[PDB]
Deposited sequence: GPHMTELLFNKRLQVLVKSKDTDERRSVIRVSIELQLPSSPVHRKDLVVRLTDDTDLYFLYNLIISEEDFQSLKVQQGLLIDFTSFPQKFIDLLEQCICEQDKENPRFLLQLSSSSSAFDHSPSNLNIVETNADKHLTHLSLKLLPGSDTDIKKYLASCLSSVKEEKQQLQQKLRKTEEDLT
């Protein structure tokens, strides 16, 4: 019962270099059933298969976050707000002078920051503490990738089969 809320590649400033990173956002069943689904955030690389950053945000974890960074929204709304910000980064990343930036700044956790630049001023809209994946996390992620690509391959084979009889 994991829901995919978002999954796209983004231009990211990794702290320096600018590389395309896949950013995935899901909802999954929490530790305790009373709390709403856990929000999972994952950064990966379509070519460097050992690259993995991840963060799990349960409903209670967000409560701290809300106050820390003065978030006006509710945890139920938070995913959308985060996605809206990511969309802005996307809407902006291909422009002549990008005004919204996605930044990953430093086996220690790194900060995932969405910055809006107002001239020589910089407003930070969201900052997240992402954990470098352990070999165990990566193992699990690779396994889920293998399953999904195989499913796509099987679909492609079915399509080929149907196409060929035509």
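Should a student be asked to find the unmodelled regions, what ranges of the deposited sequence would be the right answer here? Residues missing from the model, as numbered along the full deposited sequence, span 1-3, 19-23, 115-120, 181-182.
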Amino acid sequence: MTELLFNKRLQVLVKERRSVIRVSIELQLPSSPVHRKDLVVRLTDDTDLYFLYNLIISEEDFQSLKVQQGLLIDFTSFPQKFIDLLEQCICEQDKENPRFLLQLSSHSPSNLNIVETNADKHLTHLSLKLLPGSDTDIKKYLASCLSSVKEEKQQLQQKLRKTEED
From here on, numbers count along this sequence of modelled residues.
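In the PDB record, does 55-63 or 136-144 carry the higher mean Cα temperature factor? The stretch with the larger average C-alpha B-factor is 55-63.
When the Cα temperature factors in the entry are averaged, is it 31-39 or 95-103 that ends up higher? Here the higher of the two C-alpha B-factor means belongs to 31-39.
Quick one: classify residue 159 as lowest, middle or highest third of the chain based on its Cα B-factor. Middle third, going by the recorded CA B-factors of the chain.
Third assignment of residue 15 from its chain's C-alpha B-factors: CA B-factor rank for residue 15: highest third.
Can you work out whether the C-alpha temperature factor of residue 119 puts it in the lowest, middle or highest third of the chain? It belongs to the highest third of the chain when residues are ordered by C-alpha B-factor.
Which third, lowest, middle or highest, does the CA B-factor of residue 83 fall in along this chain? CA B-factor rank for residue 83: lowest third.
Determine, from the deposited record, the chain-internal third of the Cα B-factor for residue 110: lowest, middle or highest. Middle third of the chain for residue 110's C-alpha B-factor.
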